[PDB]
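Asker: Provided herewith: query-v5.pdb, PDB, C-alpha atoms and all ligand atoms.
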```pdb
ATOM      1  CA  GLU A  82     -60.560   4.866  -5.812
ATOM      2  CA  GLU A  83     -59.466   1.250  -5.654
ATOM      3  CA  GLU A  84     -59.767   0.688  -9.398
ATOM      4  CA  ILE A  85     -57.011   3.266  -9.859
ATOM      5  CA  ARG A  86     -54.674   1.509  -7.399
ATOM      6  CA  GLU A  87     -55.192  -1.761  -9.324
ATOM      7  CA  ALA A  88     -54.481  -0.077 -12.667
ATOM      8  CA  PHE A  89     -51.285   1.368 -11.214
ATOM      9  CA  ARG A  90     -50.100  -2.146 -10.193
ATOM     10  CA  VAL A  91     -50.867  -3.382 -13.667
ATOM     11  CA  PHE A  92     -48.687  -0.732 -15.294
ATOM     12  CA  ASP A  93     -45.891  -0.835 -12.725
ATOM     13  CA  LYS A  94     -44.666  -4.207 -13.966
ATOM     14  CA  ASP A  95     -41.768  -4.756 -11.576
ATOM     15  CA  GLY A  96     -43.712  -3.417  -8.578
ATOM     16  CA  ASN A  97     -41.067  -0.785  -7.629
ATOM     17  CA  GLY A  98     -43.552   2.063  -7.295
ATOM     18  CA  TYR A  99     -42.675   3.788 -10.581
ATOM     19  CA  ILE A 100     -44.013   3.347 -14.104
ATOM     20  CA  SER A 101     -41.053   3.519 -16.480
ATOM     21  CA  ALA A 102     -41.280   4.281 -20.202
ATOM     22  CA  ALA A 103     -40.357   0.658 -20.947
ATOM     23  CA  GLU A 104     -43.131  -0.710 -18.706
ATOM     24  CA  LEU A 105     -45.633   1.602 -20.260
ATOM     25  CA  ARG A 106     -44.560   0.567 -23.756
ATOM     26  CA  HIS A 107     -44.772  -3.169 -22.951
ATOM     27  CA  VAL A 108     -48.204  -2.857 -21.363
ATOM     28  CA  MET A 109     -49.560  -0.836 -24.314
ATOM     29  CA  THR A 110     -48.177  -3.492 -26.628
ATOM     30  CA  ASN A 111     -49.919  -6.221 -24.565
ATOM     31  CA  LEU A 112     -53.143  -4.256 -25.046
ATOM     32  CA  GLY A 113     -52.415  -4.138 -28.773
ATOM     33  CA  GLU A 114     -51.426  -0.492 -28.961
ATOM     34  CA  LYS A 115     -47.977  -0.361 -30.458
ATOM     35  CA  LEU A 116     -46.222   2.868 -29.544
ATOM     36  CA  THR A 117     -42.763   4.267 -30.176
ATOM     37  CA  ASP A 118     -40.383   5.346 -27.431
ATOM     38  CA  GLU A 119     -40.948   8.981 -28.520
ATOM     39  CA  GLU A 120     -44.640   8.404 -27.920
ATOM     40  CA  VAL A 121     -44.432   6.765 -24.525
ATOM     41  CA  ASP A 122     -41.803   9.342 -23.482
ATOM     42  CA  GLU A 123     -44.275  12.105 -24.266
ATOM     43  CA  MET A 124     -47.076  10.407 -22.242
ATOM     44  CA  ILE A 125     -44.651  10.113 -19.324
ATOM     45  CA  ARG A 126     -43.458  13.764 -19.562
ATOM     46  CA  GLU A 127     -47.114  14.879 -19.407
ATOM     47  CA  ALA A 128     -47.587  13.039 -16.116
ATOM     48  CA  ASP A 129     -44.058  13.435 -14.666
ATOM     49  CA  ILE A 130     -44.516  16.353 -12.241
ATOM     50  CA  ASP A 131     -41.313  15.753 -10.193
ATOM     51  CA  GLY A 132     -39.350  15.315 -13.436
ATOM     52  CA  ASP A 133     -37.644  12.034 -12.443
ATOM     53  CA  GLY A 134     -38.530  10.468 -15.813
ATOM     54  CA  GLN A 135     -41.049   8.000 -14.284
ATOM     55  CA  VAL A 136     -44.668   8.066 -13.104
ATOM     56  CA  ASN A 137     -45.225   7.325  -9.392
ATOM     57  CA  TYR A 138     -48.703   6.701  -7.892
ATOM     58  CA  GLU A 139     -49.167  10.288  -6.783
ATOM     59  CA  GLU A 140     -48.524  11.460 -10.368
ATOM     60  CA  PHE A 141     -50.643   8.637 -11.811
ATOM     61  CA  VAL A 142     -53.770   9.633  -9.837
ATOM     62  CA  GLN A 143     -53.385  13.295 -10.833
ATOM     63  CA  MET A 144     -53.246  12.262 -14.445
ATOM     64  CA  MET A 145     -56.160   9.851 -14.247
ATOM     65  CA  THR A 146     -58.562  12.211 -12.513
ATOM     66  CA  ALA A 147     -57.770  15.652 -13.938
TER
HETATM   67  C1  LIG B 201     -58.169   4.125 -20.812
HETATM   68  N1  LIG B 201     -57.665   4.489 -22.127
HETATM   69  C2  LIG B 201     -57.216   5.880 -22.145
HETATM   70  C3  LIG B 201     -57.571   6.751 -23.361
HETATM   71  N2  LIG B 201     -58.718   6.344 -24.165
HETATM   72  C4  LIG B 201     -58.419   6.117 -25.574
HETATM   73  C5  LIG B 201     -56.980   6.444 -25.990
HETATM   74  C6  LIG B 201     -56.502   5.444 -27.050
HETATM   75  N3  LIG B 201     -57.654   4.735 -27.576
HETATM   76  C7  LIG B 201     -58.317   5.241 -28.980
HETATM   77  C8  LIG B 201     -57.695   6.132 -29.858
HETATM   78  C9  LIG B 201     -58.361   6.500 -31.022
HETATM   79  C10 LIG B 201     -59.619   5.971 -31.303
HETATM   80  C11 LIG B 201     -60.224   5.080 -30.426
HETATM   81  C12 LIG B 201     -59.559   4.713 -29.257
HETATM   82  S1  LIG B 201     -60.177   3.643 -28.128
HETATM   83  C13 LIG B 201     -59.034   2.613 -27.471
HETATM   84  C14 LIG B 201     -59.259   1.261 -27.208
HETATM   85  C15 LIG B 201     -58.215   0.508 -26.677
HETATM   86  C16 LIG B 201     -56.971   1.092 -26.414
HETATM   87  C17 LIG B 201     -55.808   0.282 -25.843
HETATM   88  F1  LIG B 201     -55.938  -1.032 -26.173
HETATM   89  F2  LIG B 201     -54.661   0.762 -26.399
HETATM   90  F3  LIG B 201     -55.757   0.416 -24.489
HETATM   91  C18 LIG B 201     -56.749   2.430 -26.689
HETATM   92  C19 LIG B 201     -57.801   3.168 -27.208
HETATM   93  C20 LIG B 201     -59.492   5.238 -23.626
HETATM   94  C21 LIG B 201     -58.596   4.091 -23.172
HETATM   95  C1  LIG B 202     -57.924  12.230 -19.524
HETATM   96  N1  LIG B 202     -58.226  10.917 -18.975
HETATM   97  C2  LIG B 202     -57.158  10.491 -18.098
HETATM   98  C3  LIG B 202     -55.839  10.435 -18.860
HETATM   99  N2  LIG B 202     -55.923   9.724 -20.128
HETATM  100  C4  LIG B 202     -54.841   8.765 -20.268
HETATM  101  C5  LIG B 202     -53.645   9.455 -20.934
HETATM  102  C6  LIG B 202     -52.437   8.529 -21.099
HETATM  103  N3  LIG B 202     -52.764   7.198 -20.627
HETATM  104  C7  LIG B 202     -53.393   6.164 -21.723
HETATM  105  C8  LIG B 202     -53.590   6.524 -23.057
HETATM  106  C9  LIG B 202     -54.128   5.582 -23.921
HETATM  107  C10 LIG B 202     -54.464   4.307 -23.478
HETATM  108  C11 LIG B 202     -54.275   3.957 -22.147
HETATM  109  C12 LIG B 202     -53.727   4.901 -21.272
HETATM  110  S1  LIG B 202     -53.439   4.563 -19.664
HETATM  111  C13 LIG B 202     -52.060   5.323 -19.059
HETATM  112  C14 LIG B 202     -51.232   4.721 -18.115
HETATM  113  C15 LIG B 202     -50.099   5.395 -17.670
HETATM  114  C16 LIG B 202     -49.785   6.651 -18.153
HETATM  115  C17 LIG B 202     -48.539   7.350 -17.606
HETATM  116  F1  LIG B 202     -47.684   6.429 -17.104
HETATM  117  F2  LIG B 202     -47.946   8.113 -18.566
HETATM  118  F3  LIG B 202     -48.896   8.164 -16.578
HETATM  119  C18 LIG B 202     -50.603   7.267 -19.090
HETATM  120  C19 LIG B 202     -51.741   6.582 -19.531
HETATM  121  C20 LIG B 202     -57.218   9.145 -20.469
HETATM  122  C21 LIG B 202     -58.455   9.948 -20.034
HETATM  123  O1  LIG B 203     -47.434   3.875 -33.510
HETATM  124  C1  LIG B 203     -47.527   4.931 -34.183
HETATM  125  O2  LIG B 203     -46.767   5.149 -35.161
HETATM  126  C2  LIG B 203     -48.575   5.979 -33.850
HETATM  127  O3  LIG B 203     -49.391   5.846 -32.900
HETATM  128  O4  LIG B 203     -48.616   6.997 -34.572
HETATM  129 CA    CA B 204     -41.669  -0.057 -12.219
HETATM  130 CA    CA B 205     -42.186  11.318 -11.641
HETATM  131 CL    CL B 206     -36.806   1.720 -30.161
END
```
Could you rewrite the structure in this file as structure tokens?
Ligand SMILES: CN1CCN(CCCN2c3ccccc3Sc3ccc(C(F)(F)F)cc32)CC1
Ligand SMILES: CN1CCN(CCCN2c3ccccc3Sc3ccc(C(F)(F)F)cc32)CC1
Ligand SMILES: O=C([O-])C(=O)[O-]
Ligand SMILES: [Ca+2]
Ligand SMILES: [Ca+2]
Ligand SMILES: [Cl-]
Answerer:
Amino acid sequence: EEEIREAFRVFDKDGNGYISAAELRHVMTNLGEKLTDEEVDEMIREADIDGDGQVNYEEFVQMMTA
């Protein structure tokens, strides 16, 4: 799905292949959804299968399609 690859690029602000909690928080704020660190940390932990504290593309697709 190409829409999913685009949405990943949107969230991965610095393009380094990982969505950090700070990127996620800033994007949600751009969308008008103001979230706390505790909140975006929890969303990340739910998707973070390899436990590195970030969401890579492999993790992102699993989350978006399961
Ligand atoms: C794709 N994305 C994933 C999950 N869902 C909704 C989750 C949050 N959501 C929400 C929560 C409670 C009641 C209504 C809505 S709709 C909505 C609209 C915009 C956003 C905004 F602006 F924050 F993105 C978030 C949401 C649909 C949107
Ligand atoms: C179940 N189905 C797929 C999953 N969810 C989205 C859950 C969290 N999600 C979210 C929630 C509210 C509004 C937008 C988004 S998009 C998004 C982007 C990255 C992550 C990150 F970085 F944490 F993975 C999690 C999310 C919506 C519907
Ligand atoms: O931002 C908040 O406080 C929330 O979503 O509960
Ligand atoms: Ca990044
Ligand atoms: Ca990870
Ligand atoms: Cl804070």
Asker: Counting only C-alpha atoms and all ligand atoms, which residues of chain A sit at most 7 Å from some atom of ligand CA 205 (chain B), and what is each one's closest atom pair with its distance in Å to one decimal, listed by chain and rising residue number, as a tab-separated table?
Answerer:
```
residue	atom	partner	partner_atom	distance
A:129	CA	B:CA205	CA	4.1
A:130	CA	B:CA205	CA	5.6
A:131	CA	B:CA205	CA	4.7
A:132	CA	B:CA205	CA	5.2
A:133	CA	B:CA205	CA	4.7
A:134	CA	B:CA205	CA	5.6
A:135	CA	B:CA205	CA	4.4
A:136	CA	B:CA205	CA	4.3
A:137	CA	B:CA205	CA	5.5
A:140	CA	B:CA205	CA	6.5
```
Asker: Please, which residues in chain A fall within 9 Å of ligand LIG 202 (chain B) when counting all atoms listed in the file, and what is the closest atom pair and distance in Å to one decimal for each, ordered by chain then residue number, as a Markdown table?
Answerer:
```
| residue | atom | partner | partner_atom | distance |
| --- | --- | --- | --- | --- |
| A:88 | CA | B:LIG202 | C14 | 8.0 |
| A:89 | CA | B:LIG202 | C14 | 7.7 |
| A:92 | CA | B:LIG202 | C14 | 6.6 |
| A:93 | CA | B:LIG202 | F1 | 8.7 |
| A:99 | CA | B:LIG202 | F1 | 8.6 |
| A:100 | CA | B:LIG202 | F1 | 5.7 |
| A:101 | CA | B:LIG202 | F1 | 7.3 |
| A:102 | CA | B:LIG202 | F1 | 7.4 |
| A:104 | CA | B:LIG202 | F1 | 8.6 |
| A:105 | CA | B:LIG202 | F1 | 6.1 |
| A:108 | CA | B:LIG202 | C14 | 8.8 |
| A:109 | CA | B:LIG202 | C11 | 7.1 |
| A:112 | CA | B:LIG202 | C11 | 8.8 |
| A:114 | CA | B:LIG202 | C10 | 7.9 |
| A:121 | CA | B:LIG202 | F2 | 7.0 |
| A:122 | CA | B:LIG202 | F2 | 8.0 |
| A:123 | CA | B:LIG202 | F2 | 7.9 |
| A:124 | CA | B:LIG202 | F2 | 4.4 |
| A:125 | CA | B:LIG202 | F2 | 3.9 |
| A:126 | CA | B:LIG202 | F2 | 7.3 |
| A:127 | CA | B:LIG202 | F2 | 6.9 |
| A:128 | CA | B:LIG202 | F3 | 5.1 |
| A:129 | CA | B:LIG202 | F3 | 7.4 |
| A:135 | CA | B:LIG202 | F1 | 7.4 |
| A:136 | CA | B:LIG202 | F1 | 5.3 |
| A:137 | CA | B:LIG202 | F3 | 8.1 |
| A:138 | CA | B:LIG202 | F3 | 8.8 |
| A:140 | CA | B:LIG202 | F3 | 7.0 |
| A:141 | CA | B:LIG202 | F3 | 5.1 |
| A:142 | CA | B:LIG202 | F3 | 8.4 |
| A:143 | CA | B:LIG202 | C2 | 8.7 |
| A:144 | CA | B:LIG202 | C3 | 5.4 |
| A:145 | CA | B:LIG202 | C2 | 4.0 |
| A:146 | CA | B:LIG202 | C2 | 6.0 |
| A:147 | CA | B:LIG202 | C1 | 6.6 |
```
Asker: Residues of chain A within 12 Å of ligand CL 206 (chain B): nearest atom pair and distance (Å, one decimal) for each, counting all atoms listed in the file, sorted by chain and number, as CSV?
Answerer:
```
residue,atom,partner,partner_atom,distance
A:102,CA,B:CL206,CL,11.2
A:103,CA,B:CL206,CL,9.9
A:106,CA,B:CL206,CL,10.1
A:107,CA,B:CL206,CL,11.8
A:115,CA,B:CL206,CL,11.4
A:116,CA,B:CL206,CL,9.5
A:117,CA,B:CL206,CL,6.5
A:118,CA,B:CL206,CL,5.8
A:119,CA,B:CL206,CL,8.5
A:120,CA,B:CL206,CL,10.5
A:121,CA,B:CL206,CL,10.7
A:122,CA,B:CL206,CL,11.3
```
Asker: Can you measure atom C10 of ligand LIG 201 (chain B) to CA of residue 90 in chain A for me? One decimal in Å is fine.
Answerer: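 Distance reported for this atom pair: 24.5 Å.
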